[PDB]
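Shown here is one chain on its own, the form deposited in one PDB entry, set out as structure tokens.
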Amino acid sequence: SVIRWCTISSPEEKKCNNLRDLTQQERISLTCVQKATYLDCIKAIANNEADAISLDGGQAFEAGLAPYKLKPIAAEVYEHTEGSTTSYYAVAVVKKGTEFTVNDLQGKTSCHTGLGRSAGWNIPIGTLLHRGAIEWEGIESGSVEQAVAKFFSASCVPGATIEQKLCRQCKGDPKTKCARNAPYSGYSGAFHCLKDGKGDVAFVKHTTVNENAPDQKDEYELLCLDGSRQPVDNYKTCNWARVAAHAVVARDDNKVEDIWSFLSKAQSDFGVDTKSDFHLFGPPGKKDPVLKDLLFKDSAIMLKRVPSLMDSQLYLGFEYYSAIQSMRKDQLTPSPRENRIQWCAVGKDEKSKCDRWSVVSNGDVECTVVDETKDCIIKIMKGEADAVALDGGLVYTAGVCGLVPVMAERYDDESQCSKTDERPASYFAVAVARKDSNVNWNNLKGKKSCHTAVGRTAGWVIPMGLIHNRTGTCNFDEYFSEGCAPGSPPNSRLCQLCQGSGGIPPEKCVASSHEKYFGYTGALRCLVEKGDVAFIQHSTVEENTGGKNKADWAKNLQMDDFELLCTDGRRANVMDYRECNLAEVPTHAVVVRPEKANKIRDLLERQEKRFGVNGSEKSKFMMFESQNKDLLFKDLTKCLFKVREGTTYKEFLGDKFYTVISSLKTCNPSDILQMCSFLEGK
């Protein structure tokens, strides 16, 4: 196509154009739209007049807000000693020998990169708001601009519309001087501000003294939040925050595909290892402040692509996003919560059981309904729901996204969740077949398979990881004729035995209880009315036979109709899961953000007293009851036990299990796993 990069200063526009000419005879090409501001570029990308632009984390928060809904497409990478992550560190630079601490900043003069930028404004002013030095309570006590103008004696905050005091130390002419591209703008202009004696403090990133005064580094210090002062190189132990990198945003559409093609071209041709006169990232030399950080920051070394599930809210993190909002609303007022556990139900039957839970607890629990169980993960990460109970396979995924197992399911007896005088708790993964059949473990190829869902412990992680040991492929779709493994791609072989809903919009091969064949009992039902194997839990056959499941298909079933398949030998008795299983796996657990673990552990124990297996109001509601549909919780559950504080998903899951998912993930990784893997490697 011709990618329309938006620029915001006449030097940037000028660089934009040298790249138009070096790419002018290529497949993906370029134009360089120049507007007066970065917001004027956000509007032009939202109105199809330009296509891309790289924005500071605080401006990436604005681009993602409606009407605009602009997405993170690409992210800058920085030289890290850890790795080379897509984040940087905000630091506050002062001169060696001035005596003040972070506690003495009142009355001083300050130099900021820009109003609303992360290191230059959001992190310092938000941090001072929270320590109690800048006194702001919420928008009803003034703007943040008025609150800072009473703290600092004069500042240069190139962006300030309201207070004139924030433009007083700025350098340049009577109109242009307090603009976002003025000489004292950006990380280096704010550094020159300090170097020229105009600020006592400069709020910049961890690389700024090295980008503008490398031999003069010994004349400068950093202000640490513990009251101390350290050297400019000790930023890793003396920073104010680690923030998300600057990111290339764009309209969420087909053009995205080309914006990355173009950028991966110039990364390869014009990067850090280049020999041309065109440098895309840099070079980071001492230079005029106005020629610094054009189009991309001089500190970038390459671009990394953000996975498509991401949105600004998700890119910036819960802690930082919640900070930019703080500075837009009074604290008491939208902040009551710790009295209500917002549970996340998946699909319609789980929505029904949760609304009764919410009616019968006179409100102590409320419900969010989603469609897939990956949506619950995202809702909890964003602070829009608080807990959900997930399977061992799906706890791995939440564990990569930073959620923690706070309570887990105990499948044996009711009194056993009070334990000193025993520890552990697990269930078993199993291969079930009908006794008439010819199939055994090694006969398993080219057959029909029934799976609880793609992604889950017993019905996919254990079986596919043993078929992946032998097969050496991540194409289990070619290892059967067909199956029903809900959640797979809709037009494949593992979708064909699946039935769908009643059959109204029909929804087959979906990962909720709308699909007939979903979960442990839906996959016994697949074995029974259509397939060769059912990859299930050890008790799925006892629970649905001997007359206990009173549905059509299950009315007549007895446990003599089936047999297990051991990794090898025989076929075995369905009640010998101990000796003929595929694995002993950890149980299902409730996973929450680490800071909400206290509330919901306590709010959930109150709830099981009233509706647990020996609840006091069982009569109205029993929590681990669903009609063999394992709604909200598994039906086998006798009680729920507390998982000790500071337990990591890896420790809960066990090392034996931790290994298996870290084998199948070289095979096709889900879009949620990839997104969260960008954030843990951020």
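Residue numbers run from 1 along the displayed sequence. Only the largest set of C-alpha atoms that superpose within 1.5 Å between the two forms is called the rigid core.
Although it is not shown, the form deposited in another entry is what the next lines describe.
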Listed options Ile324, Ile301, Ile162, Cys474; Cα moving by 2 angstroms or more between the shown form and the other one (core superposition): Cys474
Classify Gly126 as shifted (yes) or not shifted (no) between the shown form and the other one, where shifted means its C-alpha moves by 2 Å or more with the rigid core superposed. no
Exceeds or equals 2 Å, Cα of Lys217 between the shown form and the other one, core fit: no
Aligning on the core only, does the CA of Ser153 end up 2 angstroms or more away between the shown form and the other one? no
